[PDB]
Amino acid sequence: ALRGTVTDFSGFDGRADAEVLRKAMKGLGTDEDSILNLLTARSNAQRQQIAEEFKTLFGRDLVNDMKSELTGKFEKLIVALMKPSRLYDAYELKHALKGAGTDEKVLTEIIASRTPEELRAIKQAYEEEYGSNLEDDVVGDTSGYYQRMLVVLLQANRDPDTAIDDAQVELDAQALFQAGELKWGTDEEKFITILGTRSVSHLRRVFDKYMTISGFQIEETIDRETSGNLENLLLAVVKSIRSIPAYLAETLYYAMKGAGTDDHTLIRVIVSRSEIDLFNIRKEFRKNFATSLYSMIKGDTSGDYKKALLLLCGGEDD
Amino acid sequence: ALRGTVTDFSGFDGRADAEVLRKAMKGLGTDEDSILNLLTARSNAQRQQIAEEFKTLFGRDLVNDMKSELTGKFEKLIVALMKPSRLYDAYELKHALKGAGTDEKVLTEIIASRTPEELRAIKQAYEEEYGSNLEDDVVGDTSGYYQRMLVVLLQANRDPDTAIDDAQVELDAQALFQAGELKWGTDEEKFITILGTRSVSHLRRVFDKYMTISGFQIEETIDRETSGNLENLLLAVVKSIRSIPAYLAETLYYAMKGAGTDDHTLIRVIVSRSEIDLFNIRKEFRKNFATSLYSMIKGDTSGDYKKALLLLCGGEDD
Amino acid sequence: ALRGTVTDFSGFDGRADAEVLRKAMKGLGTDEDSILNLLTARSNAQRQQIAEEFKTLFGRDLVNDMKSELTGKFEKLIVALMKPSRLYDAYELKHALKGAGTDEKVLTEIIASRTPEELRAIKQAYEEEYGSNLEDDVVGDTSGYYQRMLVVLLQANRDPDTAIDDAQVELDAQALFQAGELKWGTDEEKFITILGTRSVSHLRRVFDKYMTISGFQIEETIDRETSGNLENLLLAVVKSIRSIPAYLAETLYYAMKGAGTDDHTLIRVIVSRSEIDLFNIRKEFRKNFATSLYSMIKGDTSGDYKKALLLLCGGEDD
Ligand SMILES: [Ca+2]
Ligand SMILES: [Ca+2]
Ligand SMILES: [Ca+2]
Ligand SMILES: [Ca+2]
Ligand SMILES: [Ca+2]
Ligand SMILES: [Ca+2]
Ligand SMILES: [Ca+2]
Ligand SMILES: [Ca+2]
Ligand SMILES: [Ca+2]
Ligand SMILES: [Ca+2]
Ligand SMILES: [Ca+2]
Ligand SMILES: [Ca+2]
Ligand SMILES: [Ca+2]
Ligand SMILES: [Ca+2]
Ligand SMILES: [Ca+2]
Ligand SMILES: [Ca+2]
Ligand SMILES: [Ca+2]
Ligand SMILES: [Ca+2]
Ligand SMILES: [Xe]
Ligand SMILES: [Xe]
Ligand SMILES: [Xe]
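Shown next, in the form of structure tokens:
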């Protein structure tokens, strides 16, 4: 079911593309339109080959040249598009990690929404790129049950999806009820073990049974029982278990709701998911907010940045 | 013939074990008894899996938590037990290497008693763990013929055991006689080449022939001809060629002989050899010192430390 | 057709060799003659095995000992001979790279004359040895079109030799004519793309056609149109396309022409090419300068340095 919005261009000629891009920047000024039309129409792997052909022909670094010619949010988007897909989540995490100035929204968004297979790949790329252990750095800049839940998720050890055992569903739903609503205070450890390690298909059934038993959705309990960064993370984990595309659609919605735009979040989501499930994200977005992702981006963004974003997204008639 | 005292626990459940350990430390105080009974009854590989399950369930680092809860020599022993077997000798060497403050006893003990196959593995683990070349660091903190002999041994290039050539045995025994007892001064280079590079089975025959020719055991010549760190190393090499378990039994004996205990040596030997030849060490110990290793540990050690050591050793009725 | 002047010694005994070398340095003074006669008569791989046997027997580092005993240009040559072949070009490049004090002659000589297969191997060895990216370091210490051409060559992406297309030969020869002689100023980008990326066999035909069209050899155009480091690099690239051995023969010729000797260049060329094409270099040298490489070295060099160089070169009767 999972589909992105960007695929390999048929009849790709990396050398031709590199020439077009050189022409766009060569000499006075910059043809931003030529740049954005080309790069939004090539897959990430294809952008890498363009970069290598550009360096072969001209002995210039393509990204460095674009960083020189381009400006503002447009530049930020183009540089994000050029990052190899295998490194992008790691790069975003690395840039989130910076002392008490750490960007917890980013840690939560990525770590909650990436699959165990994705996280294994992220941990490897991060260590190779930056010479540090991701878990160590996360532990360094976080504290409390928030850190613990992140470490649990970073183990990428979630139970595999297997046949559902109804008695285990009952036991876990009851455990959660006893650990939160029936407890003075909260047994956070219990929530973390169950939400962090049980399989996705098992937890979906647990969530339904928990509603049946308690009269609350698990998200309602979480808001009633916790707060702060732990609350945001537990909500992101639950929402991701229910539907990753739905959680990411919501993330996009809130980046553009209110005054201005959370541009960093907008760029990160669109670029990171453009070859995975951005199509599914569009669908969830239109189902849940009765408005196209396209029309919300169109209304929230300006100039070449807007143009490039809309080309990546598609879905005018969503 | 080689047997350790610790083996894989049958019916191992890493998750269950992790829960037991969490219960032991959770909240006020610490159940040291639960900790030592469990960990001494699991193999090193099994301890690693427990650590991974603990982190998966609770998002806590098991060793860090134990370092927080435990104290003293007991803590030192538990942390030593948790070090992956493939890294432990490298860790001990790294910790021995520290300027003119270097711990030569440790360099000698490990490098003399480990097989060429073990040393190849140690050199690799050390470089991977610490980003340094073991040989370079040894050379950095040692001097003289002591350093040279260590470098020779670090090459892990000892002749393989093959059919014994009686004439070569005669030649080497005579060479040794001429290089030491018949020489004004000592040709250390000759001792180092022969002791450092000839095969174990060849040198065992050389030692017997040397006694026949000279009327001295090679160990007696070494004490007569050399002194200081070179003497200790040459003795350790000879004793290891004769019997590694016997050399390690002697090492343990002297750690506990006299006032107090060399606890660092006691922990290192017991832990490092617990899955290789600690059973053989016990046997040599009882043969050579007419007393059980168990009874000597029992008499020399206190509290939870004593309990854990005795469980690892076994051999009450040795 | 490609032949070196040094090959594997038949009946090689690394242990025997190590003993000879130890004897040469042991005690007061040094037997330089024994050292140079042996090492010039062993291949690079064989020198590595000698070094390992020396360390195994004596626990001494062979190169460190030679650095201690030897002096001057002789020492520099012996140390160069001991560097593993797979690391030598990388070592020379690393030593060329040092701020505005950078040795451009070395960057040009190596990068222009090494094949794409050789450069791939060099880039890998450099990163492994020094923890840095070669391209990054080159970019750091160079500027302008000189840097660009070096980066192009460092991509090691030259078109493969395939069937020649006469129309493409015409197009490229005309392109070059239009980019230089017919242009006010020079389109350096065009020269760099064509000279840097087209196949060797294609460019050889382009050079002939360019002469036919313009009445100039490409080297004459280069001198007419460019200057400085870019000129030297473009000439080295063209000369290498025509004949690597011929370019290296010329490089040697100029190292010894005039007062004194460029010893660093002499050592680098002889050692780096001794197992590849130094025989071909000798032949080109004798064809083009009507004098033996041997006789020029003999006349330009002194002492043990001279002796060792002449043994490596051969070709008294060239
Ligand atoms: Ca421009
Ligand atoms: Ca413009
Ligand atoms: Ca910019
Ligand atoms: Ca509660
Ligand atoms: Ca709340
Ligand atoms: Ca807005
Ligand atoms: Ca506690
Ligand atoms: Ca207690
Ligand atoms: Ca402690
Ligand atoms: Ca003597
Ligand atoms: Ca003595
Ligand atoms: Ca004692
Ligand atoms: Ca000497
Ligand atoms: Ca001399
Ligand atoms: Ca010297
Ligand atoms: Ca011109
Ligand atoms: Ca010129
Ligand atoms: Ca000269
Ligand atoms: Xe919670
Ligand atoms: Xe000795
Ligand atoms: Xe040129």
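Residue numbers (our numbering), protein chains in the order written: chain A, 1 to 318; chain B, 319 to 636; chain C, 637 to 954. Just so it is clear, CB atoms sit at the ideal spot from N, CA and C, and this is done for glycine as well.
Measure from the alpha carbon of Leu-87/A to the alpha carbon of each residue in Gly-196/A, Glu-275/A, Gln-124/A, then state which is nearest. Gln-124/A
Quick check on the DSSP output: what are the complete alpha helix (DSSP H) runs of length 4 or more inside the region 867-912 of chain C, in order along the chain? 880-892, 899-909
Which residues in chain B sit within 7 Å of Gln-155/A, going by Cβ to Cβ distance? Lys-373, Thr-374
Taking just the CA atoms, how far does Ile-110/A sit from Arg-273/A? 11 Å
Give a yes or no on contact between the region 61-77 of chain A and the region 21-30 of chain A, applying the rule of three or more CB pairs nearer than 8 Å. yes
Range of the contiguous alpha helix (DSSP H) that encloses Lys-759/C: 752-766
For a test of the three-state rule: what should DSSP assign to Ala-100/A, helix, strand or coil? strand
Spatial neighbours of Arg-282/A in its chain, beta-carbon cut-off 6 Å, leaving aside the 5 residues before and after: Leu-293, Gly-315, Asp-318
What separation, rounded to the nearest whole angstrom, lies between the Cα atoms of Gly-329/B and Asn-355/B? 16 Å
If we cut at 8 Å on Cβ distances, does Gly-377/B have a partner in chain F? The chain labelled as chain F is not found among the protein chains of the depicted structure, namely A, B and C.
Have a look at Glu-867/C and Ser-461/B and give me their C-alpha separation to the nearest angstrom. 53 Å
Beta-carbon of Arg-784/C versus every beta-carbon of chain A: anything under 8 Å? yes
Test item: CB-CB of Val-905/C and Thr-887/C under 8 Å: yes
Three-state secondary structure assigned by DSSP to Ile-615/B: helix
Ordered along the chain, which non-local residues of its own chain (more than five positions away) have a Cβ less than 6 Å from that of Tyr-846/C? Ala-809, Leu-812, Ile-854
Is the region 373-380 of chain B close to the region 408-421 of chain B, with three or more CB pairs under 8 Å? no
Those residues, in chain order, that have a beta-carbon closer than 7 Å to some heavy atom of ligand 8: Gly-347/B, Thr-348/B, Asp-349/B, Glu-350/B
Classify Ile-747/C as helix, strand or coil using the three-state DSSP reduction. helix
According to DSSP, is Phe-607/B helix, strand or coil? helix
Measure from the C-beta of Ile-222/A to each C-beta in chain B and report whether the shortest distance is under 8 Å. no
Alpha carbon to alpha carbon, how far is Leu-93/A from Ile-122/A? 9 Å
Stretch-stretch touch, CB-based, cutoff 8 Å, three pairs: the region 390-397 of chain B with the region 612-632 of chain B: yes
Please name the residue, chosen from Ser-835/C, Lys-719/C, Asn-793/C, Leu-914/C, that lies closest to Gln-685/C on a Cα-to-Cα basis. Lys-719/C
Hey, would you say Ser-876/C sits closer than 8 Å to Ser-749/C, going by beta carbons? yes
Could you tell me the alpha carbon to alpha carbon distance between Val-457/B and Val-469/B, rounded to whole angstroms? 8 Å
Work out the CA separation of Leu-119/A and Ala-414/B for me, nearest whole Å. 37 Å
Determine the DSSP secondary structure at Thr-544/B, reduced to helix, strand or coil. coil
Nearest to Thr-751/C (by Cα), restricted to the options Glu-911/C, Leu-717/C, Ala-792/C: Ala-792/C
Do you know whose CA, among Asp-477/B, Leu-339/B, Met-574/B, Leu-630/B, lies nearest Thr-609/B's CA? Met-574/B
Using a Cβ-Cβ cut-off of 7 Å (strictly less than) and excluding sequence neighbours within five positions of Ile-594/B, which residues of its own chain qualify? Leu-320, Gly-322
With a threshold of 7 Å, establish whether the CB of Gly-498/B neighbours any heavy atom of ligand 10. yes
Selection from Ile-353/B, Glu-453/B, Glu-447/B that minimises the alpha carbon distance to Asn-133/A: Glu-447/B
Is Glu-507/B close to chain C? Criterion is C-beta to C-beta, closer than 8 Å. yes
If you follow the alpha helix (DSSP H) that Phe-690/C is part of, which residue opens it and which one closes it? 680-694
Segment limits, alpha helix (DSSP H) that includes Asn-700/C: 698-705
Roughly how many angstroms lie between the CA atoms of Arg-841/C and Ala-249/A, to the nearest whole one? 59 Å
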